[PDB]
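> Here is the sequence, then the experimental structure:
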Amino acid sequence: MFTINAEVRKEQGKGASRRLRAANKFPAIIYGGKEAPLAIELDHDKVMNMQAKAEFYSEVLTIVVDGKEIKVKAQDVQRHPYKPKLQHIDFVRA
Amino acid sequence: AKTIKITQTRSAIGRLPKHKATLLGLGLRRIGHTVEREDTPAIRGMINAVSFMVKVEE
Amino acid sequence: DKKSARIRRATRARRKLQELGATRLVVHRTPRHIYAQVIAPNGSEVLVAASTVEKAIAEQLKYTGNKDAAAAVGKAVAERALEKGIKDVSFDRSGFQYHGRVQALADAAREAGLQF
Amino acid sequence: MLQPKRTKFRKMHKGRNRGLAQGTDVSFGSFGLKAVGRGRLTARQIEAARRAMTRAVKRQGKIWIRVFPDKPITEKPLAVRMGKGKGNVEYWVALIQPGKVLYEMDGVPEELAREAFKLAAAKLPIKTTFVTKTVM
Amino acid sequence: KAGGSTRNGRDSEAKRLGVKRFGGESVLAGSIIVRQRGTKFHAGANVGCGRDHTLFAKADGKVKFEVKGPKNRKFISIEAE
RNA sequence: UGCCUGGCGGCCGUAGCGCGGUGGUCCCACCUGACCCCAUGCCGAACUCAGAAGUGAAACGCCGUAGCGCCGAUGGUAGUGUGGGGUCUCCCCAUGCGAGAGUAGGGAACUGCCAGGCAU
RNA sequence: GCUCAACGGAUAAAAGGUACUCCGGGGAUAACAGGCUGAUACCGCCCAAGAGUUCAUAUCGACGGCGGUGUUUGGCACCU
RNA sequence: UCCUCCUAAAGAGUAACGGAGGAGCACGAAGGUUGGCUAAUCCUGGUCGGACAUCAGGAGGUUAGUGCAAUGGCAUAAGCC
RNA sequence: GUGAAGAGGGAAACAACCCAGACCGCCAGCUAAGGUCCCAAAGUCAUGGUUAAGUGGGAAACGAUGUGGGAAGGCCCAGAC
Ligand SMILES: [Mg+2]
Ligand SMILES: [Mg+2]
Ligand SMILES: [Mg+2]
Ligand SMILES: [Mg+2]
Ligand SMILES: [Mg+2]
Ligand SMILES: [Mg+2]
Ligand SMILES: [Mg+2]
Ligand SMILES: [Mg+2]
Ligand SMILES: [Mg+2]
Ligand SMILES: [Mg+2]
Ligand SMILES: [Mg+2]
Ligand SMILES: [Mg+2]
Ligand SMILES: [Mg+2]
Ligand SMILES: [Mg+2]
Ligand SMILES: [Mg+2]
Ligand SMILES: [Mg+2]
Ligand SMILES: [Mg+2]
Ligand SMILES: [Mg+2]
Ligand SMILES: [Mg+2]
Ligand SMILES: [Mg+2]
Ligand SMILES: [Mg+2]
Ligand SMILES: [Mg+2]
Ligand SMILES: [Mg+2]
Ligand SMILES: [Mg+2]
Ligand SMILES: [Mg+2]
Ligand SMILES: [Mg+2]
Ligand SMILES: [Mg+2]
Ligand SMILES: [Mg+2]
Ligand SMILES: [Mg+2]
Ligand SMILES: [Mg+2]
Ligand SMILES: [Mg+2]
Ligand SMILES: [Mg+2]
């Protein structure tokens, strides 16, 4: 089991996403199902440690936003082109 | 009626011809020139285009 | 195959009348029946129509797919067109040869009063 | 030395080498040598780093080469003035963006792949790094 | 060390093709809309095709670009005005 | 008004392929025959004519089916207009625009006019 | 009726030499030298396959890579 | 001198002793019109007959063709009788 | 875009760079870039860090227990190094 803490993005786009990756975070999105897609932001060192396991990309993960658990799976991840960092992760509601 | 103050704060010497025409459309002539214009989207678009060298007072 | 080659054979003069804005008489020919309809220059609605599938025409005939039926059809569609005030059309062979039943239809419509 | 057999055209513009790369993930093998810098790799530099890792593995494992030199490079001869046509094709390069995986390798241990790719990166002008096969 | 040449010195004159009147642009009858080699565009309503596939207006009005047909070809028509 | 079919369009693949099934009162198709109208650089194959014994085998139409084709977000990324900056072959910041590919997902078209048949 | 093709066509009709030379001008343009640059050159360095009885690094150092100098051959034509 | 593409920076245009190719004609039908038709290649079978003539079927669907260079077009064919 | 055909202030000096467009006069004020220890006008200003190289105040591959910060790990008072 992996429990990840997230926050809803107050603003989107290129300048915000660059500025989060400056401030040691990275955006992601939860989508799928009938609910609208949710634009979250994660801590980078936590999720970068959590993703080193294949359990991360196999099991069902719990994302806590506003104390509201969402069981998801890691659908796709955008990585930094030459640094061991994460740009963006897609989470599909399982 | 919904009028704002626009003040040219930088020079227009090396600037683009389109920006010089935008400052002419606002009626700014020299630096520190405070002008009084209505608040339309067309005015806001010229202020957006030359926001680096004007100062809108509203 | 035969249907498609007939459509390819018809779709040049159909597009030409489409840009001419021509009110057009459309013939359709089967071994048993023969069809006619007058189409507005938009190509989306009809004005008059006649066939050998109609009872009022077929009951006066021996066989529905001979030249005498085709002339009776071109006469009926011309008399309906002149009833509705349509006089000048352009004949669409619909990929058939202007020959036989098609020619006897158009000659009947010319003789009854349409002008093409 | 890698070289195209046929070309549609004999010469090519100098171009630029801006942008990020595409061959980012370790596709085929288990370990990879990823480019961090920017530049062009000749066919000699590619074949020398291939020799250094083939010898470092004693032909153990399988080595992929992800890049291929397809850009012709012209030079004018010495004591030739700047006019009178484009220079003669001298050698072939591959344009390298940051993130391009240059080589891949499997069938060997990780430490052996580290020392092989280090012996290869000592033959390359650009700065490289070591990568592994990531799940997703 | 003198020498060389260049078998590749030639080029032809620019034929000034393109679209002369764009969409929503009122034209007179006979006004050239597009000069082009092939039928990159096609002639629609009130638009003639020239000898060199030049699209000219047969009437007066506004130019209308539109995509029709099963092949998604680009047609030029003159709206009334 | 319902069903089915034929003709002419609109639209141009969410509309196309494939696979399975299904249709013959009418219509359509194949069909029968051809001395004639007409036809084959030979051939009634096609074109055409005179027809209606047979069959829905094929074709066509309809239904179903996600193996494809196709469509396709959200977010992010690339790029870039202006202004500014750096370590200036290349990048960054503010701001504005914002892809492509891919993912979730959608999806086995919709609709108009006329005519005919069977029911109502 | 012109390969007036030097193709907006100087005439219907035209090749060369000058170290025996001359005039007007140009650093708008070359040779010398300077300048910029540093391909080349030279001098270093990095990796280390190997040679060195064994032993990569006593001495060498393949395949390739990074610099420095302004020093050769050159490039440009900024001064004269 | 003329044509075509790139350079040419998504209107036009745009230079270099820049990168690549052609023209200095042909046709009294290879033009006009009406009518009709639809390729390349490959597979199988088949007398001489063979990798490859002609013939029949099938896949394919313009990968062909365009009097000639390239580009843009072309099925309503601008292609072929 | 500037110079050419444009002065002034700054970049030590420095046509083309940065700020900015000189009608004239004044022993008046505010500012731009750039600056505030002295040459030489203005902070030896304030708060919190980093550097010990005169780095600043010239340069690469590569090399190194220089030093500051961060996240994680594996041995360990059953006794680690
Ligand atoms: Mg930006
Ligand atoms: Mg069915
Ligand atoms: Mg028959
Ligand atoms: Mg059937
Ligand atoms: Mg988007
Ligand atoms: Mg998209
Ligand atoms: Mg479909
Ligand atoms: Mg279907
Ligand atoms: Mg001449
Ligand atoms: Mg001339
Ligand atoms: Mg003299
Ligand atoms: Mg000079
Ligand atoms: Mg000299
Ligand atoms: Mg050097
Ligand atoms: Mg050298
Ligand atoms: Mg030894
Ligand atoms: Mg040595
Ligand atoms: Mg070396
Ligand atoms: Mg010059
Ligand atoms: Mg001098
Ligand atoms: Mg252009
Ligand atoms: Mg442009
Ligand atoms: Mg011809
Ligand atoms: Mg025809
Ligand atoms: Mg054979
Ligand atoms: Mg000045
Ligand atoms: Mg000064
Ligand atoms: Mg100055
Ligand atoms: Mg200075
Ligand atoms: Mg002051
Ligand atoms: Mg200041
Ligand atoms: Mg002082």
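The structure has been received and is ready for your questions. Numbers count the residues shown, from 1 in each chain, chains lettered A, B, ... in the order given. Ligands and ions are numbered 1, 2, ... in the order given.

> which parts of the helix or strand harbouring residue A:78 are buried?
Element membership for residue A:78, per DSSP states H and E: strand A:68-79. Residues A:70, A:72-75, A:77, A:79 are the ones in strand A:68-79 that count as buried (16 or more other CB atoms under 10 Å in any protein chain shown). The C-beta positions use only the backbone N, C-alpha and C, and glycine is treated the same way.

> Which of the residues you listed sits closest to residue A:54?
Nearest to residue A:54 among these: residue A:74, at 10.4 Å, using CB to CB.

> who's in contact with that closest one?
With contact set as CB atoms under 8 Å, 6 or more residues apart in numbering or on different chains, residue A:74 has these partners: A:51, A:56-57, A:61, A:89-91, D:136.

> which of these are buried?
By 16+ other CB under 10 Å, those give A:51, A:56-57, A:61, A:89-91 as buried.

> Nearest to residue E:24 among these?
Nearest to residue E:24 among the buried ones among the contacts of residue A:74, with distances taken as CB to CB, is residue A:90, at 42.3 Å.

> Correct me if wrong: that closest one contacts residue A:32.
No: between residue A:90 and residue A:32 there is no contact under CB atoms under 8 Å: 9.2 Å.

> that older thread, can you list the strands that the strand holding residue A:78 pairs with?
Here strand A:68-79 has these sheet partners by DSSP bridges: strand A:61-65 (antiparallel), strand A:86-93 (antiparallel).

> Give me the contacts around the longest helix along chain C.
For chain C, the longest helix by residue count, based on DSSP state H, is helix C:2-20. Outside of helix C:2-20, the residues within contact range by CB under 8 Å, 6+ apart are C:24, C:41, C:43, C:90, C:92-96, E:45.

> repeat that with 10 Å
Contact with helix C:2-20 is made by C:22-24, C:26, C:28-29, C:39, C:41-43, C:89-97, E:43-47, as judged by CB atoms under 10 Å, 6 or more residues apart in numbering or on different chains.

> Could you pull out the buried residues of that helix?
By neighbour count with 16+ other CB under 10 Å, helix C:2-20 contains the buried residues C:6, C:10, C:13-14, C:17.

> so which of these are also by RNA strand G?
Restricting these to those touching RNA strand G (CB under 7 Å from any atom of the strand) yields no residues.

> Now do residue E:50 against residue C:105, distance only.
Distance, residue E:50 to residue C:105, by CB to CB, to the nearest Å: 38 Å.

> Please apply the same query to residue D:73.
Per CB to CB, residue D:73 is found 76 Å from residue C:105.

> now swap in residue B:19 and tell me
Going from residue B:19 to residue C:105 by CB to CB gives 74 Å.

> Quick check on the two: which one has the bigger neighbour count.
The residue with more neighbours, out of residue B:19 and residue C:105, is residue C:105; 29 against 15, by other CB atoms under 10 Å in any protein chain shown.

> That one reaches residue C:91, doesn't it?
Yes: here residue C:105 reaches residue C:91: they are 8.9 Å apart, a contact under CB atoms under 10 Å.

> Quickly list what's touching both of those two.
Common neighbours of residue C:105 and residue C:91, counting by CB under 10 Å, 6+ apart, are C:25, C:27, C:36, C:74.

> can I assume the second one sits in a strand?
Yes: secondary structure of residue C:27, determined by DSSP: H, G, I helix; E, B strand; the rest coil: located in a strand.

> okay but it is in contact with residue C:35, surely?
Yes: assessed by CB under 10 Å, residue C:27 is found in contact with residue C:35 at 7.0 Å.

> which residues are in contact with both of those two?
In contact with both residue C:27 and residue C:35: C:70, C:73, C:77, C:94, C:105, using CB under 10 Å, 6+ apart.

> tell me, which of the residues you listed make contact with chain E?
Applying CB under 10 Å from any CB of the partner chain to the shared contacts of residue C:27 and residue C:35, one finds that nothing falls near chain E.

> between these, which is nearest residue D:130?
Checking those against residue D:130 by CB to CB gives residue C:94 as the nearest, at 73.3 Å.

> What values do phi and psi take at the closest one?
With angles defined as degrees, to the nearest 10, residue C:94 sits at phi 60, psi 50.

> For it, which residues are in contact?
By CB under 10 Å, 6+ apart, the residues touching residue C:94 are C:6-7, C:9-11, C:13-14, C:24-29, C:35, C:102.

> Give me the more crowded residue out of residue C:27 and residue C:35.
Comparing residue C:27 with residue C:35 by other CB under 10 Å, the one with more neighbours is residue C:27, at 24 against 20.

> Strands of chain C, start to end?
Counting by DSSP state E, the segments of chain C that form strands are C:24-29, C:34-39, C:46-51, C:90-92.
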